[PDB]
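Heads up, the chain below is alone and in the form deposited in one PDB entry; it's given as structure tokens.
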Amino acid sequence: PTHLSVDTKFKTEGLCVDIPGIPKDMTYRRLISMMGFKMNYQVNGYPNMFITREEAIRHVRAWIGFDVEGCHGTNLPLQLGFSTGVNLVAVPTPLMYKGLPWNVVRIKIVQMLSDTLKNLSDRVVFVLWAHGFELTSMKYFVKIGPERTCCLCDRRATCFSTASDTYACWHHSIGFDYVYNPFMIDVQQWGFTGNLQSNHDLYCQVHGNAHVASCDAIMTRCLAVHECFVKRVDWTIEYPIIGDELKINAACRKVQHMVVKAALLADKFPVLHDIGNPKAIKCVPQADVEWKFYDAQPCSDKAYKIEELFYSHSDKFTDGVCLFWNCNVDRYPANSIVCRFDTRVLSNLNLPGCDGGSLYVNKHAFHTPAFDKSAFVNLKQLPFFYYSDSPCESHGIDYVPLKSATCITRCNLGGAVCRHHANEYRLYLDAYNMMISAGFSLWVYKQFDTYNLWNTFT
């Protein structure tokens, strides 16, 4: 039950306009052969060009929307659209390219897919709203066969070159002309009513329809992300490490302990309303504050309404401070400590999402509602600072003397930062800059002032 059986039925009603007379009874085995490919009875790791809904979710980083529109069927040009926004015109002789024969179009496709996916996934999953021409055009730039490894490394092969008769992954595909062993999935097979635009526009207002192939490719992938990461959520699926996931997660927990501990020392809140992950633990377990938890799973569609979270416990969320660490609400109260992911940040962990949101894949997949500046009108941006009440003692690196107005320590209060707190300062600054560059923003109540922390050294 792992892979999609090649004898599974395939609904061809969406194909009968480009391909009139197509059989109603159709399997993937008869469809792959129809597309011009031969499986030759194979058990070499490539059982089907099409993958399941579950298998596609585990390879979401490889999703590339793909659509082909008749520009004017072997006798007419074809407009190739990809969710990267690229439009290629192939002739049988937001960016748009002029018409060119297939032998040079396939070279651009290998280059475009490789630069997109080399730091993301080991494969490519062509997300389709299939109507005919996109399946029949793959024979001009897709070659299938047994699973192979790269000729320059041990990654699996994703490209093939007719010049050298060799194979390569996304990293070493310069000069290659064919996509080797790709995967694909037809969203239209999931049982929708209506066309692509009517179904996409039910949940997203950001992607329009300029009647170009790439617009449909973007809407197709967007509709797929909504069905797999907005309407349905699966937090049990783990995703491989492809970047600084571990340092970013560790930096977020390092900053959270620093910020919440300092806010409790500076303002002496009697109560703390920790609103967010239902499995959360005290990030400052040594604090005197009364810690009250409120369960709320990460929202994947729209940001929570602060009215429905609070108003319907201590119930007096105006007492003490409220902690919204990656708990996206529409408008945070004035007595809040907030960590909110910026969906606009470009990174290999953050994928384009639905209706302004993004899909942040770090160990797990979190579809995050679109970043809204108006949510922080009652708060201010949290400035960088480093606080430490630990003993100014170095145990165990080369020391350039540290001078910083944001090093809240006894040694800095005394006019000279010690080597221990200087190491921890520069380590915390690296973690802070790691967290901010990853896309997380920090916000705090306007009364927060690091000048109140100097007095805890008395």
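For every residue, the number given is its place in the sequence shown, counted from 1.
The entry models residue 312 and residue 313 with a gap of 1 to 3 deposited residues left without coordinates. According to the entry, the deposited sequence has no residues without coordinates between residue 401 and residue 402, so the chain runs continuously there. In this entry, 239-247 shows the higher mean Cα temperature factor of the pair 239-247 and 183-191. 289-297 and 379-387 differ in mean CA B-factor, and the higher of the two is recorded for 289-297. Take 279, 106, 123, 254 and read off each C-alpha B-factor from the entry; 279 has the highest. Among 212, 265, 127, 323, the highest C-alpha B-factor in the deposited entry belongs to 212. Residue 82: CA B factor in the lowest third of modelled residues in this chain (values from the PDB entry). Per-chain ranking of the deposited C-alpha B factor places residue 13 in the highest third. Among all modelled residues in its chain, residue 41 ranks in the highest third by Cα B-factor. In this PDB entry, the Cα temperature factor of residue 115 sits in the middle third of its chain's modelled residues. Sort the modelled residues of the chain by CA B factor and residue 94 lands in the highest third.
Absent from the display: the form deposited with a small molecule bound. The rest refers to it.
Remark: residue 213 counts among the residues lining the small molecule in the deposited complex, judged by a heavy atom distance of 4.5 Å or less. Proximity of residue 70 to the small molecule in the deposited complex falls within the 4.5 Å heavy atom cutoff. Though the partner is left out of this view, residue 173 does not reach within 4.5 Å of the small molecule in the deposited complex, counting heavy atoms only. The closest non-hydrogen atom of residue 79 lies within 4.5 Å of the small molecule in the deposited complex.
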